[PDB]
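Chemist: Residue numbers (UniProt numbering), protein chains in the order written: chain P, 1 to 54; chain A, 109 to 430; chain G, 109 to 269; chain W, 55 to 108.
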Amino acid sequence: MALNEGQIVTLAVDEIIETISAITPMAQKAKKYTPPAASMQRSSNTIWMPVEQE
Amino acid sequence: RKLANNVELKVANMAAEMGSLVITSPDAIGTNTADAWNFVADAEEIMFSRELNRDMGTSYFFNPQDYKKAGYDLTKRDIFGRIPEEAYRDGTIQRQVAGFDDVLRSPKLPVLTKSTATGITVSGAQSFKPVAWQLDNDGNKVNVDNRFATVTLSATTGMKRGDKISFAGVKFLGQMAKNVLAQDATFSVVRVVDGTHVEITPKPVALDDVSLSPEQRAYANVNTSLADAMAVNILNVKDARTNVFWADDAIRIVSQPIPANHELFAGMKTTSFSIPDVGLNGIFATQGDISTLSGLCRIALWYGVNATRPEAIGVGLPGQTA
Amino acid sequence: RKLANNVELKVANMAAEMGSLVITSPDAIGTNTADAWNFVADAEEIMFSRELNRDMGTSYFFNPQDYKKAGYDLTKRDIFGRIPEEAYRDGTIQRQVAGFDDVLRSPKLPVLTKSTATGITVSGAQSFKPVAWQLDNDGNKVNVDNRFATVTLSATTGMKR
Amino acid sequence: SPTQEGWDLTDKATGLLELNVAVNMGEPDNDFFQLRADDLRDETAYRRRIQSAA
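#1: Check distances from the C-beta atoms of the region 14-26 of chain P to those of chain G and list, in chain order, the residues that come in under 9 Å.
#2: Evaluate the contact criterion for the region 306-315 of chain A versus the region 393-401 of chain A: three or more CB pairs, one atom per stretch, below 8 Å.
#3: So the alpha helix (DSSP H) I361(A) belongs to, where does it begin and stop?
#4: Assign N146(A) to one of three DSSP states: helix, strand, or coil.
#5: Residues in the same chain with beta-carbon distance under 6 Å from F236(G), minus the five sequence neighbours each way, listed in chain order, please.
#6: If you reduce the DSSP assignment to three classes, tell me which class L117(G) lands in.
#7: Compute the Euclidean distance between the alpha carbons of residue 76(A) and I137(A), then round it to the nearest angstrom.
#8: Strictly below 7 Å CB to CB, what residues from chain A border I187(G)?
#9: Using beta carbons (cut-off 8 Å, strictly below), is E323(A) in contact with chain G?
#10: For a contact meaning CB atoms closer than 7 Å, what does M284(A) contact in chain P?
#11: Are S157(G) and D143(G) close, meaning C-beta to C-beta below 8 Å?
#12: Where do the N-terminal and C-terminal ends of the alpha helix (DSSP H) with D244(A) fall, by residue?
#13: Is the shortest distance between the beta-carbon of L404(A) and the beta-carbons of chain W less than 8 Å?
#14: Could you give the distance in angstroms between the alpha-carbon of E159(A) and the alpha-carbon of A67(W)?
#15: Check whether chain G comes within 8 Å of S167(A), counting only Cβ atoms and requiring the distance to be less than that.
#16: Counting only beta-carbon atoms, is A120(G) nearer than 8 Å to chain P?
#17: Residues of chain G with CB closer than 8 Å to the CB of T141(A), please, in chain order.
#18: So what's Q204(A) in DSSP terms, helix, strand or just coil?
#19: What are the boundary residues of the alpha helix (DSSP H) that includes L182(A)?
#20: What is the DSSP secondary structure of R213(G), counted as helix, strand or coil?
#21: For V205(A), which residues in the same chain have their Cβ closer than 6 Å to its Cβ, ignoring the five residues on either side in sequence?
#22: Among the candidates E419(A), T264(A), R349(A), whose CA atom is the shortest distance from the CA of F169(A)?
#23: Count the C-beta pairs between the region 224-241 of chain G and the region 179-186 of chain G that are closer than 8 Å, then say yes if the count reaches three, no if not.
#24: Rounding to the nearest angstrom, what Cα-Cα distance links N78(W) and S106(W) in this structure?
#25: Tell me which same chain residues have a C-beta within less than 8 Å of the C-beta of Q428(A), skipping the five on either side of it?
#26: Which residues share a DSSP beta bridge with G424(A)?
#27: Relative to the C-alpha of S262(A), which residue among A293(A), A233(A), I383(A) is closest?
#28: Please determine, among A178(A), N114(A), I361(A), the residue with the shortest C-alpha to C-alpha distance to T416(A).
#29: Can you find the residues in the same chain that come closer than 8 Å, C-beta to C-beta, to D163(G), ignoring five residues on each side of it along the sequence?
#30: CA-CA distance, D186(A) and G207(G)?
#31: Closer than 9 Å, Cβ to any Cβ of chain P: which residues of the region 289-310 of chain A, in chain order?
#32: Quick one: Cα of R103(W) to Cα of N171(A), how far?
#33: Identify the residues that DSSP records as bridge partners of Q395(A): which are they?
#34: Decide if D83(W) is buried, meaning its Cβ has at least 16 other Cβ atoms within 10 Å, or exposed.
#35: Just mark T139(G) as buried or exposed, buried being the case when its beta carbon has 16 or more other beta carbons within 10 Å.
#36: Output the boundary residues of the beta strand (DSSP E) element that contains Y100(W).
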């Protein structure tokens, strides 16, 4: 009975829902360093390190 | 005043019905020295471990009863200090409690009645796949809503809309890292469609089941799939008025104008009518009738309430002892 | 965000698995007045007596449940200073609490399941030398890792990594 | 006022109602005494009971 016309399915791309907020506390504490690459290859990817003497 | 007072019930019901984070407590609130804080800080604990996004801010709403006990808990302490003394002069319990960033009294929170359901179990193993769209007869793409999911049960009798259920053996997952959590996954029944099928507002999307492709298994918020014999545990037992808490972006109010000012309506006088406090706008219209000499008056306000994140909505249930 | 976070998961397991110092409380945390402090201060005390090198700074990590009982333990106390009330308006326990340079709440710390091993006794007498290397087979010198050591028991049943 | 939801409201038009409260008045309270003519030589005891009444 009412106005009968072309239907539309509209989706607003921008809006989002933004469901998840991560936190990563222990990754800032651990040390990070890059061993030398050329020697790391022929190694098993293992590097020994000295311990302070007594 | 009444039209502005209907908006509040619709946001208070829509939240208490679809809240999927359910915090039950064995004993009445305020029966122990700090238990008023430990019940609020418990919502912070599940909110933080479930990985949810609070960036826009959170809120907690006490019903008037449990707000008095939160204030009465705090008065038993020695009345020195700013927080005890303030509670004493005015019932007030600080604005921020245990991380929330707001706390309030909301007299209109509904009572969640006892559920008479018993011995209800699932029937058959049921996977739930996340999908953006699905085909329909005539092969047309049709969008799919990520929230709701339908479950076949043994018998649906005493369970109604807004009943909080948790299956036996399921657990939450931290959404990003997929680690297991200590809390049993809770689901609120949005609607009942039959004496068998039931619609629960989160989709479980099990982690363990193999039918999920790697794209889908990424969305898994539950550790294991619904088995055949699993028993549905009804959380709400005793009647108590609920407490509701959400992240501020979870609930939304949508509205549209009523275009009765158009030339097409020449018989009635219509004007914009503003409701007192909420901030929606309506219209005001009147028309006479010569036959009865009786005029008509009408005030129309058109809007809608939508809970976008039922998993971010939550409901407290104190004093839930069998 | 996903690859950055999986890194966090591995430091959570690796530290809980290879941790040597063990502080075990017979009762659930927060059931007594200072026990949340005594549980942290036990840790800062043992590595002081044990002569460790903390010069880079120390750290402590609660899981979300015990971090709540650290505040719940501090909120019971009748008078509110700045520390008790700060806990109240926010769940924050102070950043130091008996000697650690910082104190945090990390959600992803794993659970450690119990082991059913009972009636275990060592086999004979055993000694371990602080060797830097050892001979093997052909006789070529092979490095030895300081950390690990191999102990022979009567039986290994129910024990796990 | 009641409310209702829909588009076609025809034939559902509400009436009006407004209620009442009536405040009522009570019996008078009295202080009533008499004196003989010989007792009026000095009014000291008479002027006190007027204050003892107030």
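For every residue, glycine included, the Cβ atom is placed at its ideal position computed from N, Cα and C.
Modeler: Based on what the coordinates show:
#1: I20, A22, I23, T24, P25, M26
#2: no
#3: From DSSP, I361(A) is part of no alpha helix (DSSP H) but of the beta strand (DSSP E) over 359-363.
#4: helix
#5: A257
#6: helix
#7: Because chain A here runs from 109 to 430, residue 76(A) falls outside it and cannot be looked at.
#8: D186, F188, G189
#9: no
#10: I20, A22
#11: no
#12: Not the alpha helix (DSSP H): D244(A) falls in the beta strand (DSSP E), residues 241-244.
#13: yes
#14: 51 Å
#15: no
#16: yes
#17: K184
#18: coil
#19: 172-183
#20: strand
#21: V148, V211
#22: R349(A)
#23: no
#24: 29 Å
#25: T132, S133, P134, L343, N344, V345, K346, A348
#26: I131(A), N351(A)
#27: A233(A)
#28: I361(A)
#29: none
#30: 30 Å
#31: none
#32: 57 Å
#33: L404(A)
#34: exposed
#35: exposed
#36: Element bounds for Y100(W): not the beta strand (DSSP E) but the alpha helix (DSSP H), 98-107.
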